[PDB]
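**Q** Below you'll find the sequence and an experimental structure to go with it.
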Amino acid sequence: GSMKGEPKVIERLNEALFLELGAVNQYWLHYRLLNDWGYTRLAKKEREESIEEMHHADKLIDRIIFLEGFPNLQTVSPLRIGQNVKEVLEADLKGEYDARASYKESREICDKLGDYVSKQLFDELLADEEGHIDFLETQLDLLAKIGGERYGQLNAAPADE
Amino acid sequence: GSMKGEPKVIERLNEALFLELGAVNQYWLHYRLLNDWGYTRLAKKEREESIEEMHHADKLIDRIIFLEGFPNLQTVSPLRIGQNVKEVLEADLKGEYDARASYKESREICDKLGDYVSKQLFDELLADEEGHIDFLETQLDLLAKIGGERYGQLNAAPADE
Amino acid sequence: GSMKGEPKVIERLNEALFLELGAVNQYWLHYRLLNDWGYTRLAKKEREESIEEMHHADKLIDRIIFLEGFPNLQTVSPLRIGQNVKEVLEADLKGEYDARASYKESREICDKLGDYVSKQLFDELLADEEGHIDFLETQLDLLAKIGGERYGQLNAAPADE
Amino acid sequence: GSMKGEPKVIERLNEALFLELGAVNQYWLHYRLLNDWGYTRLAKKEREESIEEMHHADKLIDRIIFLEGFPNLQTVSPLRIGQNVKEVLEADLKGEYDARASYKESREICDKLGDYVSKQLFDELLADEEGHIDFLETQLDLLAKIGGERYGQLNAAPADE
Amino acid sequence: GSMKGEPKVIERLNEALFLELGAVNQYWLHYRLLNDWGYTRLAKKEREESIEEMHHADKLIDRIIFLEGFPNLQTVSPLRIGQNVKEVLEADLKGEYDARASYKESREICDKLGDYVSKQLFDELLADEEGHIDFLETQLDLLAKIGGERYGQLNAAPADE
Amino acid sequence: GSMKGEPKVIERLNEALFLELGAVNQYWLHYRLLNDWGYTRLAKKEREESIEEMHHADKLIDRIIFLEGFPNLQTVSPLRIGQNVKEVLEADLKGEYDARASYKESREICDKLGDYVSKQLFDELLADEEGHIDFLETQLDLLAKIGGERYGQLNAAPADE
Amino acid sequence: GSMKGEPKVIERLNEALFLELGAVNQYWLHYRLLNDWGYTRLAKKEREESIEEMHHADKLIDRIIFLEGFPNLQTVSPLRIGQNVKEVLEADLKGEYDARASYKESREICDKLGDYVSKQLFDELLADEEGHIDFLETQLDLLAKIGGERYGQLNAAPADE
Ligand SMILES: [Cl-]
Ligand SMILES: [Cl-]
Ligand SMILES: [Cl-]
Ligand SMILES: [Cl-]
Ligand SMILES: [Fe+3]
Ligand SMILES: [Fe+3]
Ligand SMILES: [Fe+3]
Ligand SMILES: [Fe+3]
Ligand SMILES: [Fe+3]
Ligand SMILES: [Fe+3]
Ligand SMILES: [Fe+3]
Ligand SMILES: [Fe+3]
Ligand SMILES: [Fe+3]
Ligand SMILES: [Fe+3]
Ligand SMILES: [Fe+3]
Ligand SMILES: [Mg+2]
Ligand SMILES: [Mg+2]
Ligand SMILES: [Mg+2]
Ligand SMILES: [Mg+2]
Ligand SMILES: [Mg+2]
Ligand SMILES: [Mg+2]
Ligand SMILES: [Mg+2]
Ligand SMILES: [Mg+2]
Ligand SMILES: [Mg+2]
Ligand SMILES: [Mg+2]
Ligand SMILES: [Mg+2]
Ligand SMILES: [Mg+2]
Ligand SMILES: [Mg+2]
Ligand SMILES: [Mg+2]
Ligand SMILES: [Mg+2]
Ligand SMILES: [Mg+2]
Ligand SMILES: [Mg+2]
Ligand SMILES: [Mg+2]
Ligand SMILES: [Mg+2]
Ligand code: NA
Ligand code: NA
Ligand code: NA
């Protein structure tokens, strides 16, 4: 053969899956909370972000199985759940920085171990997460400048929508 | 100037072309044999795979000429030709593992010699070949579990098609 | 004039017609038997093959009349009728080998007697029959490898069709 | 069970098939002769009539197999082949009267033996053949009244068609 | 090289061209005469036949030039021009029998001299001319049976067309 | 049976395949070189010609397998690779003259051994190659008359295409 | 946090922006000069190339801001402006080789400093610039072979366009 992956690479893929499953759930819960609170526009964005992380998790599961490893979907990473709009954005941002650090370490490990296709998967995920970090930092900058109440209003729909 | 490539990089590109031309021909012959044997569905897939390797060969020829090297289309790599369905899949799989090993070595050589665009071409080919390896391993797993005769039936068309 | 054909050429055309009429009827009966037996997909193919031999018969009748000969539709060649799927394929194949031998001899006779248009007609029929031979040999090869029961299943439709 | 037909009913069905196969061939040859002679309109009608008798033969083969009998397509009834337009119509007409007499006897036999579905098939064929008899008698009446040469002209196409 | 044809093959191609140019002009004149005489339907057919011979002439010119010979369009074969409908058909038929004999001889010469592509061209022309012969023999047969005056009427249009 | 071909016919088919595979690769390389040199119009034509020879190779592979022989795709005929436009055309032309000679010999061998369907295949290939020869001789004639630099210009695209 | 980029990475991004802004302006001026000179086809290609470099500059500005650096659009790299068609192509080519060298150095610096997303941006730019280098080398090769005046004619439109 053989497609049998390096144990350490499969470990890194399973670490990424743990983080991705955490993000799926954190974003889904934040979507539902934001909706209940009346911030329907931000809630919609949060739901879309959860679905994007579902696609990441699927890519990771697929790669693990190709490498003849066993994907772990039994546990999810610790959730950070906000209690207002600013805390939701901050919680998501911290989660994104954690994933960024993980994928940077993982791409280096894959490179060193000669799994260039897995390295490329971590490079794709890294670019995606930096995109999300940039989005969140922008929202938090906007919220700081126009104030939390105006940011909340901006991200809520009128009663007839 | 100059676009003049490293001799060792052009060597690696010509090695890949030798392997790609072998794969084109092996898949084309396997398509025609599988068709004659009655496995029309698998024959169709094999024909598509040959055409995909034709595109790889074209990308390699193009890159060699950009680097001011001379592409060698005079010889093709040794063919592995099966005499039944399981042997056809095994023969293709061995050929794919050879190409995988070659492209892994070649991407490292391009990286070391500072040809990052050629390195990227080998990275693209590597991902493509791992995809094909995964397809073939799956077929061979299915064939093992349902039996060669059921796998053959699954991959044959009825007389009126 | 004249279009008056060589007697021996008309004889060869009438021999071909005798075989073609036999083939029409053998394939038509095999279509109806295969359908009664449940092999509806192979039955459909058999009906199509009968219709193709009807077109051959018509071309031969047309040529005989052009040569001012008299087409004989009073008798048909001996039918080989199978009692199961494998025997139907074998019976058809023997009939095709007979027609192949006849048309090879006939094209040589036409060439020798200077009737190049009749020779071309036998050449066209010969290529058609070699195609059929190829199809049938492939089916018999498939039947042998996957087994008669799987070949039967492959060539039967579900009850709601 | 059982669908096993009365031997005498299967005999009558096989007699009808013998006559139908004769009619197919007589009409097909008459089509080709009439065409060669220039009577393209009548030739077209004759070709259509041959195809109609092909459908009758198919209905008979189908019924024989349902009754668990063996259809005989090895022999065809004696052909009556005309040498001019009036003789072609007369030859066809005699063949139609023979089939009419046969189907009348056969429907009575099926009735007496309690095969009402086969009786109904002979009743359908009988009505069809009386239709054809009526068509032919009309043509022969027209030919008598306007003369054979005008009837021939009426049933020929101009050179550009 | 080279495509330089055998002189004798070019001679045979030029002989065919001579006959084809004669046929173009004979059919064109017969079209115009038949039209003047009132036989507009036969006239239309004659014009179509002239155009078909124009295509034959073009194929021959093309082949001669490929073989590096010089096509001769300076002279045309002796015209046979009829003075009534029956004579027009007879004149055309004699011209077709001449071309048939010429092309049979020419295909044999090409075969003997190893020019199989030119042989194939003569085979194609031969089949075309035998078709025309067939058409003309059929018209003359029809004319004989229904009489020249009815044949004329059949092939004339009413005054408002 | 049987479809088992004459060994000498299979040898001739394998010789044709060897030449066809050489032509595929020569035309493909010439396409890529001409494109690199700026002659994009001639390059497009060269790519089309390579694809046409791919179809020839496929027809030969198909016939070999029908005759129960083993197609050889392991080796390709010696490539003639030009270093400027005139040399590319001359190289292709020499390759076409080689294939023409081979197919003329092969059609004679097939005829002599009574394989008229394989003979017809060589006849089809022969006509195709004579067409190509014609095209190339015309280009070389044009290049000679208008000069290589104008021929090059004629066959290059402007920079915005 | 933090997205704060390495100072040396931001430096490399600002060096690339300086070069990109130079290229935008050089290609824009070359477009306008080529148009004034009558080489409308090449002028159109030059305008398209300027717009492509505008997109590169935008990607670089975006990345700098993501890294919390300050993009410098106050200065542009030294322009190389040609005074005839060959000099325009040469000037552009030299500019492309400079950018190629810069992006090769920059991707290595980003790799070493662990900014893999910035490294990927330099890899994308590098591939783009090698594409342009290949285009320009081809044009200069064509110009050399057919002559500057024919190359100019090829790349000019007629007066009515
Ligand atoms: Cl990399
Ligand atoms: Cl009743
Ligand atoms: Cl021949
Ligand atoms: Cl010029
Ligand atoms: Fe993610
Ligand atoms: Fe989901
Ligand atoms: Fe490949
Ligand atoms: Fe190909
Ligand atoms: Fe046949
Ligand atoms: Fe009937
Ligand atoms: Fe029929
Ligand atoms: Fe002619
Ligand atoms: Fe060829
Ligand atoms: Fe750029
Ligand atoms: Fe702009
Ligand atoms: Mg394994
Ligand atoms: Mg609430
Ligand atoms: Mg998959
Ligand atoms: Mg150089
Ligand atoms: Mg076979
Ligand atoms: Mg290119
Ligand atoms: Mg039954
Ligand atoms: Mg006809
Ligand atoms: Mg029973
Ligand atoms: Mg006749
Ligand atoms: Mg039924
Ligand atoms: Mg007058
Ligand atoms: Mg031509
Ligand atoms: Mg170049
Ligand atoms: Mg086939
Ligand atoms: Mg011969
Ligand atoms: Mg910060
Ligand atoms: Mg001016
Ligand atoms: Mg953005
Ligand atoms: Na407000
Ligand atoms: Na099964
Ligand atoms: Na009349």
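**A** Alright, I've got the coordinates. Residues are numbered from 1 along each chain as shown, chains lettered A, B, ... in the order given. Ligands and ions are numbered 1, 2, ... in the order given.
**Q** Burial check on the residue of chain A found nearest ligand 7, number of neighbours?
**A** Ligand 7 sits closest to residue A:117 of chain A, with a gap of 14.1 Å, by C-beta to the ion. Heads up, the C-betas are built off the backbone N, CA and C, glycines and all. When neighbours are defined as other C-beta atoms under 10 Å in any protein chain shown, residue A:117 has 19 of them.
**Q** Same check on residue A:43?
**A** 22.
**Q** and if you look at residue A:119?
**A** Neighbour count for residue A:119, taken as other C-beta under 10 Å: 21.
**Q** Ok, the one 5 residues further on next?
**A** If you count neighbours by other C-beta under 10 Å, residue A:124 ends up with 15.
**Q** doesn't it fall inside a strand?
**A** No - under the criterion used here (DSSP: H, G, I helix; E, B strand; the rest coil), residue A:124 is helix, not part of a strand.
**Q** Check the gap between the residue in chain A positioned nearest to chain C and chain B for me.
**A** Using C-beta to the nearest C-beta, the closest approach of chain A to chain C is made by residue A:1 at 26.9 Å. In this view, residue A:1 and chain B are 7 Å apart by C-beta to the nearest C-beta, to the nearest Å.
**Q** Skipping its backbone neighbours, what lies nearest the closest residue to ligand 24 within chain A in space?
**A** Per C-beta to the ion, residue A:65 is where chain A lies closest to ligand 24, at 52.9 Å. Among residues not flanking residue A:65 along the chain, residue A:71 sits closest, at 6.6 Å (C-beta to C-beta, 6 or more residues apart in numbering or on different chains).
**Q** can you tell me the helix or strand for whichever residue of chain A sits closest to ligand 8?
**A** As assessed by C-beta to the ion, ligand 8 sits closest to residue A:117 within chain A, at 26.6 Å. Counting by DSSP states H and E, the element that carries residue A:117 is helix A:116-146.
**Q** in the following helix or strand past that helix, what counts as buried?
**A** Per DSSP H and E, the first helix or strand lying C-terminal to helix A:116-146 is helix A:148-154. For helix A:148-154, burial by neighbour count (16 or more other C-beta atoms under 10 Å in any protein chain shown) applies to A:151, A:152.
**Q** Show me what helix A:148-154 is packed against.
**A** Contacts defined by 3 or more C-beta pairs under 8 Å, 6 or more residues apart in numbering or on different chains; DSSP states H and E place helix A:148-154 against helix A:85-113, helix A:116-146.
**Q** Repeat the analysis, applying 10 Å as the threshold.
**A** Contact analysis of helix A:148-154 by 3 or more C-beta pairs under 10 Å, 6 or more residues apart in numbering or on different chains; DSSP states H and E lists helix A:40-66, helix A:85-113, helix A:116-146 as its packing neighbours.
**Q** Could you confirm whether the shortest one reaches ligand 16?
**A** No - when contact is scored as C-beta under 5 Å from the ion, no part of helix A:40-66 falls within range of ligand 16; the minimum is 11.4 Å.
**Q** How about residue A:10, nearest residue that isn't a chain neighbour?
**A** residue A:69 (3.6 Å).
**Q** residues touching the one you found, list them.
**A** By C-beta atoms under 10 Å, 6 or more residues apart in numbering or on different chains, the residues touching residue A:69 are A:3, A:4, A:5, A:6, A:7, A:9, A:10, A:11, A:13, A:14, A:63.
**Q** swap in residue A:118?
**A** A:5-6, A:9-10, A:12-13, A:60, A:63-64, A:66-67, A:106-107, A:109-111, B:130.
**Q** Also near ligand 32: which of the residues you listed, exactly?
**A** Applying C-beta under 5 Å from the ion to the contacts of residue A:118, none is adjacent to ligand 32.
**Q** For ChimeraX, what selects the buried ones among those residues?
**A** If you want just the buried ones from the contacts of residue A:118 in ChimeraX, going by 16+ other C-beta under 10 Å, the selection is:
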select /A:5,6,9,10,12,13,60,63,64,66,67,106,107,109,110,111 /B:130
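**Q** which one is residue A:66 nearest to, not counting chain neighbours?
**A** residue B:134 (5.2 Å).
**Q** That neighbour: neighbour count?
**A** Other residues close to residue B:134 by other C-beta under 10 Å number 17.
**Q** what sits against it?
**A** By C-beta under 10 Å, 6+ apart, the contact set of residue B:134 is A:3, A:62, A:63, A:65, A:66, A:67, B:96.
**Q** Quick check: the gap between residue A:152 and residue A:82.
**A** 13 Å (C-beta to C-beta, to the nearest Å).
**Q** what sits in contact with each of these two?
**A** residue A:34.
**Q** Look at the residue in chain A that ligand 11 sits nearest to and say how many residues are nearby.
**A** With C-beta to the ion, the shortest gap between chain A and ligand 11 falls at residue A:62, namely 55.4 Å. Number of residues near residue A:62 (other C-beta under 10 Å) recorded here: 14.
**Q** Quickly note the distance from residue A:145 to ligand 10.
**A** As for residue A:145, its distance to ligand 10 is 94 Å (criterion: C-beta to the ion, to the nearest Å).
**Q** With residue A:155 instead?
**A** Residue A:155 is 82 Å from ligand 10, by C-beta to the ion.
**Q** residue contacts, that residue?
**A** Contacts of residue A:155 by C-beta under 10 Å, 6+ apart are A:34, A:38-45, A:85, A:139, A:142-143.
**Q** Arrange the residues you listed in TSV, one row each, with distance to ligand 29 as further columns.
**A** Putting the contacts of residue A:155 into TSV (distance: C-beta to the ion, whole Å) gives the following:
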residue	distance to ligand 29
A:34	57
A:38	63
A:39	58
A:40	57
A:41	53
A:42	53
A:43	56
A:44	51
A:45	49
A:85	58
A:139	49
A:142	50
A:143	54
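**Q** How far off centre is stretch A:52-65?
**A** 12 Å (C-alpha atoms, centre = their mean, to the nearest Å).
**Q** make that stretch A:104-121, sorry
**A** 19 Å.
**Q** Could you check that stretch against ligand 5 for contacts?
**A** No - Stretch A:104-121 lies out of reach of ligand 5 by C-beta under 5 Å from the ion, never closer than 11.4 Å.
**Q** Kindly report the same for stretch A:84-94.
**A** No - Stretch A:84-94 is not in contact with ligand 5 by C-beta under 5 Å from the ion; minimum separation 11.3 Å.
**Q** Tell me how many other residues surround the one residue in chain A that gets nearest to ligand 5.
**A** Nearest residue of chain A to ligand 5: residue A:56, at 3.7 Å (C-beta to the ion). The number of residues packed near residue A:56 is 23, by other C-beta under 10 Å.
**Q** Just the endpoints, please. Distance across stretch A:106-119?
**A** In stretch A:106-119, first residue to last residue: 7 Å (C-alpha to C-alpha, to the nearest Å).
**Q** Next one: the nearest residue to residue A:122 once chain neighbours are set aside relative to ligand 9, how far apart?
**A** In this structure, residue A:122 finds its nearest non-sequential neighbour in residue A:107, 3.9 Å apart by C-beta to C-beta, 6+ apart. According to C-beta to the ion, residue A:107 stands 66 Å off from ligand 9.
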